[PDB]
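Below is one structure; the comments refer to it alone.
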Amino acid sequence: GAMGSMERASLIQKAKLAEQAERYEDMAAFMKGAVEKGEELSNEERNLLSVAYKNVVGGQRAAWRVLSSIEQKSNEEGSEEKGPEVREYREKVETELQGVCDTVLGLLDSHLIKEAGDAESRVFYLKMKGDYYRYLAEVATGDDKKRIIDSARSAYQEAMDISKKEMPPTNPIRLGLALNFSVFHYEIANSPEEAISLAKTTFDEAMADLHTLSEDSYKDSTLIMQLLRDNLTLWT
Amino acid sequence: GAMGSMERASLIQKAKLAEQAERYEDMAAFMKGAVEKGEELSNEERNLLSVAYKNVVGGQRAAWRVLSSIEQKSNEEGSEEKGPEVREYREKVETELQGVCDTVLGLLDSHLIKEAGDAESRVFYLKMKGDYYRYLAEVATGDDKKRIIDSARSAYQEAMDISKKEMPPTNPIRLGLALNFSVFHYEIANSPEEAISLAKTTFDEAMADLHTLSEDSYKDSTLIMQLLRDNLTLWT
Amino acid sequence: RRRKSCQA
Amino acid sequence: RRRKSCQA
Ligand SMILES: *Cc1cccc(C(=O)N(C)CCS*)c1
Ligand SMILES: *Cc1cccc(C(=O)N(C)CCS*)c1
Ligand SMILES: [Cl-]
Ligand SMILES: [Cl-]
Ligand SMILES: [Mg+2]
Ligand SMILES: [Mg+2]
Ligand SMILES: [Mg+2]
Ligand SMILES: [Mg+2]
Ligand SMILES: [Mg+2]
Ligand SMILES: [Mg+2]
Ligand SMILES: [Mg+2]
Ligand SMILES: [Mg+2]
């Protein structure tokens, strides 16, 4: 599309500038253009892709939650009828959010996942697929909700299976995947015990493998382990 | 345009929802639609208009400054040539920023200012006109720079003349106008002594009139007086 | 205290 | 310490 005339390397350079400027919509557009060049992404480029879209969808999700809370209050007994505007505007934000999720899922399907053969890259993309189905599930209320939830579950499960076979328990991608799949269990799949079990097992297995790491890898792994602990403390 | 089919009251309601959701681009689009209905704005509606566009242009200005700093470093002796990308991306953000300024200035000219007869509304809009010319001046480097600067000066000066005749020295619009015109003098017009004199005189004349105010008006006025003091402390 | 998910 | 301007 609009980025078709720009060099791949220039798109990557501009994505990094957009990050520094906190222009995440631009960052995502640049990284979409880079993906659409058709070549595989490096580790750093995968990270830029994830940063860009997570920040974009993060603003939409936070806005959706604000609007959904207002809408729910409007439907309480005793609340004055204010017309269709709250629902309409929540729907507008929701549709935009769904569009961003569909865009990311489309990049993963055409054709990032199918060309990703190394465990790290494949797990990274499958985690992303689970995440964006999870964001679709956060807003889903209709007849496809169960299939959306199962699509998130299936992508996370494939990522977990690969990560357990091919990556050490301290690997940051493996750890972040487990963090997110545990959140999926807790708040999407109505399975808090599974969420807690996964977070605890992931934390304990990472703890046992820290002795193998350099100081820098130790810092990387313990940072994510603390996120698992934060959730365990909140949930127990 | 795109908001032509939505009721004026629904646009205002959605602008307030967008503010709560921190969706300032949406907020600005709603308020532009409301202005384009052709009716005058109330005090609260003027405030919503200003909030919306100030937040939008604020993100653009902050991004422009980040990119301009990187560009300036790239042109230092000893810096590696990295190609046209930094300039191109700074120009992209700059053009978008100029477009937002032109949009606001267009709403003021067609037809908010000409229908604003009460001192408060007229000063409010003329202050906005000075502000958006000032933001154009922040990025101007060419042959129209002097005329852009003079357009900001002229709008601020008319607002000052009306505010001195028609509004008390503690009025928050008058105070905020003086704050901004002082910044214009300091950092656009290369007149720091004028900036300091205006901030000091404005502060002292407001101080002397605080005794006339209710507790709530006193809180409003002293808040802006503190901004004037903050600048005086920075500049002296 | 919002639960944590993985922010790249 | 950035100088202040008027934020509605
Ligand atoms: C799964 C993943 C993707 C991108 C970055 C990371 C990571 O190392 N951190 C620190 C983000 C928080 S999990 C992980
Ligand atoms: C000039 C102006 C416009 C909108 C709001 C205000 C105001 O009262 N405050 C507190 C903003 C900071 S000057 C003033
Ligand atoms: Cl809407
Ligand atoms: Cl560009
Ligand atoms: Mg090429
Ligand atoms: Mg209504
Ligand atoms: Mg491959
Ligand atoms: Mg391995
Ligand atoms: Mg009507
Ligand atoms: Mg280059
Ligand atoms: Mg009138
Ligand atoms: Mg008066």
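Reminder, nothing fancy here: chain letters follow the sequence lines and each chain counts from 1. The figures that follow rest on heavy atoms only: side chains count, while hydrogens, waters and symmetry mates do not. First listed ligand is number 1; within each ligand, the first listed atom is number 1.
Taking a cut-off of 2.8 Å, the protein N, O or S atoms nearer than that to the Mg ion (ligand 11) are B/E40 OE1, B/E40 OE2, B/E115 O.
Near B/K127, with a cut-off below 4.0 Å to any heavy atom, the atoms of ligand 2 are 1 (C), 2 (C), 3 (C), 14 (C). Per-residue contacts place C/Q7 under 4.0 angstrom from the following atoms of ligand 1 (heavy atoms of the residue considered): 11 (C), 12 (C). For ligand 2, the atoms closer than 4.0 angstrom to any heavy atom of B/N47 are 4 (C), 5 (C). Atoms of ligand 1 lying under 4.0 Å from any heavy atom of A/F124, numbered from 1 in the order shown and given with element: 3 (C), 4 (C).
Residues A/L198 and A/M160 are in side-chain contact: their nearest non-hydrogen atoms beyond the backbone lie under 4.5 Å apart. Taking the side chain as every heavy atom from C-beta outward, A/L108 and A/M128 approach each other to under 4.5 Å.
For atom 9 (N) of ligand 2, the nearest non-hydrogen atom of the protein is B/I224 CD1, 4.1 Å. Looking at atom 8 (O) of ligand 2, its nearest protein heavy atom turns out to be B/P172 CB, 3.5 Å.
No side-chain donor-acceptor contact under 3.5 Å links A/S217 to the backbone of A/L213. The main-chain N or O of B/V51 is found under 3.5 Å from a side-chain atom of B/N55 such that the two form a donor-acceptor pair. A donor-acceptor contact shorter than 3.5 Å links the side chain of A/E45 to the backbone of A/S42. Here the side chain of A/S221 pairs a donor or acceptor atom with the backbone of A/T170 at under 3.5 angstrom.
Summarising the contacts of atom 6 (C) of ligand 2 with B/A159, D/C6, D/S5, B/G176, the nearest heavy atom is found in D/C6.
In this pair, B/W235 and B/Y186 present their aromatic rings parallel. The plane angle is below 30°, not in the 30 to 60° band. Aromatic ring orientation, A/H185 versus A/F181: tilted (interplanar angle from 30° to 60°).
Evaluation of the salt bridge (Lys or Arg N to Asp or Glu O under 4.0 Å) rule for B/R23 yields A/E96, B/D26 as partners, not counting sequence neighbours.
In B/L179, neither the side chain nor the backbone holds a heavy atom less than 4.0 Å from any atom of ligand 2.
For B/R46 and B/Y125, the side-chain atoms include no donor-acceptor pair closer than 3.5 Å.
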